[PDB]
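Okay, structure first, notes after.
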Ligand SMILES: Cc1cc2nc3c(=O)[nH]c(=O)nc-3n(C[C@H](O)[C@H](O)[C@H](O)COP(=O)(O)O)c2cc1C
Ligand code: SF4
Ligand code: SF4
Ligand code: SF4
Ligand code: FES
Ligand code: FES
Ligand code: NA
């Protein structure tokens, strides 16, 4: 099909998204969780990884890597070391709150997803790393894990499948950088959340120096349904190579900020109007959208008219899908101050390990603060563009890249707005 | 059919400072024996 | 023999063992990659990013100190992308660095000064204020002026691995990350004075040596230590008929790159 | 402001009394057993967090105790305590108010919440009330942006706030009552206000749409 959207409730995965049904095991069973799990497990690693490959599912943490290929790096004979699945529940990207709802209302989807995914990789346990601020969610997830242990669904002889699996919850202590896949591993190991260089890759040398796959909560949570309902069903949504459903956070200047599950490649305009109640003051009041969370560049209103919300369509718009966290700014917004506060976030979140982000992001932050007042000259706009290109591609981890792109999105689409402030500031003093 | 008009995630209003680590303590009995690297530590 | 694999440094074939890094392959053709955090006798860190080098047909530059070479790679150590990576990284290092060279003991034998001359730009476009951090007192031998530190973590890796003292670390994060001990504490290992050599900048300097000499002045006399029976190879720096300081002289089979604090 | 060097004071020094209560020692050995044998430095972040839940904050003696209990070097515990922003290396109020001011919240007027809290408590961000019952700070995104503007007070989130709503929550805490986490706008969590636009139909039950041969 060429038109996407209007997902039906029968096709939705996260059926207790809004917490209107029981989130404990009794409710989860009624909604179809933990159904025929033993059958899925006994079909083996190769079959499970086949379903994920066929579905075309891609990473939901931000980078959108094909999940089935990534999870197959663990499909290798062991070397005497234990194997581990880490579930990334750090969820720290501004604008993103989708993983939070999964853990508090559908915790048994995640636990089963840990087992099915852990089995496919051949792992012995799952470590779920949840941000420390999500204390109530972390406690909901532990209650669900205890219920699954009591019901025999995890632990020794999981689901009666003669396969042992553990599900540990470890809490973070406040660092956005610990959502980066190798910084998360270091934080589990008791160190500062500083990312590792690659190689080695986690599937070779990971947590405790052992083969590891770090997967996003949303990636892990939808896997059991892909196995039950098949990869063909999941591949029936969204454009080719961008398939499946997706959770969207719409925040900022909308009438009804919300979280909603929708099909991939849905038009961005349709998503805001149908679910979020439209832009505050009408579609004509729209200024710019950040379509994938803070790390993705903003797009202007002209691009937003026809852009589809999937991985490839937003790449052609010079932005990215990211965490599918849509942030909306209407024409009353100070666009410069909005992006400057995002640079301020990245400056507060840099781990400090590597030079270009330790120094560069702090440098960009200071220049942006002067751009907000207009206390600069237009020759500095190209200077800031070059500085951001010196960070991008030159850092250990993608935080540095994610700090550069917001600046580039502002310079690309709102250069006249910056130059206009500089003109007003110069005449306001001269 | 479920009521699906009230909010059914209200247990967390009664959680306290040690709710998480009490569940972790309670969950120790179900865990499986951990693997060993062979040394008491990397020697600090 | 059979394990040796073929890589290319600017088109010249080199046969290297598996696990050899890109930085080490360039050494075999006599090309020294710029570096700050990398030191061959310490664990690889990969944090300074001064060693970023372009691999032909790959769009992302790789950290040469940490990246193992793959078969058939052609390492372009002087390509425009390599050169622009070095200029960008050098510019970041010098943004908050203090204008201290006249009063700094490292001046004239400084890897920051020299790799800036050879690989950095010739001017600054940084129009802000600079960071300034407070100084830590770690004993009578090592003076700290930590505003000059470039966060390379060489001292942390020396203290942990060579000296077996887990007292150095980083506190904070971001631009505010500080190298030190957090609490007031002395760094008094028998090998402690070697942090002065391996610190690439004037952040860690010799208290006894402070302000007495410049490196272009000194005459170097290669000699041996007699404070113990190890026979560590040293350099005796003299000026105008006076001994100024003692440096280690590399000898792989005796003292490698280090001396003891009595020797120093 | 917030320094990352420790300097001793009478109230915070290596001899400031700290120990884990016997109940909390049972909780430590459960934490440690979550990890492979010989990899118990992994327990630093939870154990260090437990010391703060017992104590409210972390003096240098509490960090020193964590290092001894886990037999890690103290500098490795200091590195952790200064990296992660949720560790309080100075004492905090009874209620640690944390207001998100990142852009998604800022667009929905987190500035008004911060202004109301300052004038109501009569302090500025980064300060503690003289009676030592509230500390006020600004924080980065707390992962609740659809429910903006919002604050965290200890372990609870209070969301969809207005200046009038935040004043009520402050009155409840002065009284001694627990306000109640969640949105203060009428909705229950993250649903669109004005009725669900999805998941209005009953869930489809076990076995629905299962592929054949499973
Ligand atoms: C600064 C930074 C923060 C990140 N934060 C998260 C996060 O909070 N949650 C997440 O699933 N991924 C996050 N990622 C992406 C992860 O590194 C990783 O790609 C992902 O968690 C695992 O792959 P997956 O999405 O395919 O499952 C972050 C990356 C960076 C550079
Ligand atoms: S890019 Fe920033 S967050 Fe990532 S490793 Fe480098 S300094 Fe740390
Ligand atoms: S460390 Fe080098 S560049 Fe820095 S002040 Fe000293 S001599 Fe100058
Ligand atoms: S003090 Fe010197 S050796 Fe230590 S991190 Fe700073 S620059 Fe590197
Ligand atoms: S020398 Fe390679 S990054 Fe420092
Ligand atoms: S921007 Fe405030 S909770 Fe995300
Ligand atoms: Na030095």
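Numbering, chain D: per Swiss-Prot, residues 35-248 in sequence.
Going by what the header records, the deposited coordinates were determined by electron microscopy, 2.4 Å.
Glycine residues also receive a Cβ, built from the backbone N, Cα and C atoms like all the rest.
In this view, residue D:179 ([2Fe-2S] cluster binding site) is surrounded by 34 other Cβ atoms within 10 Å of its Cβ, with every protein chain counted. Taken from Swiss-Prot, the feature [2Fe-2S] cluster binding site applies to D:134, D:139, D:175, D:179, supported by experimental evidence.
Annotation comment: Swiss-Prot describes D:60 as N6-acetyllysine, evidence class a large-scale study or a structure entry. For residue D:60 (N6-acetyllysine), no same-chain residue 6+ apart in sequence has a C-beta under 8 angstroms from its C-beta.
In the three-state DSSP assignment, the secondary structure recorded for residue D:192 (phosphotyrosine) is strand. As annotated by Swiss-Prot, phosphotyrosine applies to D:192, with the evidence given as similarity to another entry.
The region 'Disordered' annotation in Swiss-Prot covers D:229-248.
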Under a criterion of Cβ-Cβ distance under 8 Å and sequence separation of at least 6, what residues of the same chain contact residue D:139 ([2Fe-2S] cluster binding site)? D:175, D:179, D:182, D:183, D:184
Sequence-ordered list of residues in the chain of residue D:192 (phosphotyrosine) that lie 6 or more positions away and have a Cβ within less than 8 Å of its Cβ, or none, is D:184, D:185, D:186, D:199, D:200, D:203, D:213, D:215, D:216, D:218
Given the recorded positions D:60, D:134, D:139, D:175, D:192, which pass a C-beta cutoff of under 8 Å against chain B? Sequence order please. D:60
According to DSSP, which of helix, strand or coil covers residue D:179 ([2Fe-2S] cluster binding site)? helix
Interface-adjacent recorded positions, chosen from D:60, D:134, D:175, D:179, D:192 when a CB lies under 8 A of chain A: D:175, D:179
CB contacts for residue D:175 ([2Fe-2S] cluster binding site) [other CB atoms within 10 A, all chains]: 29
Out of D:60, D:134, D:175, D:179, D:192, which recorded positions have CB atoms lying under 6 Å from ligand 6? D:134, D:175, D:179
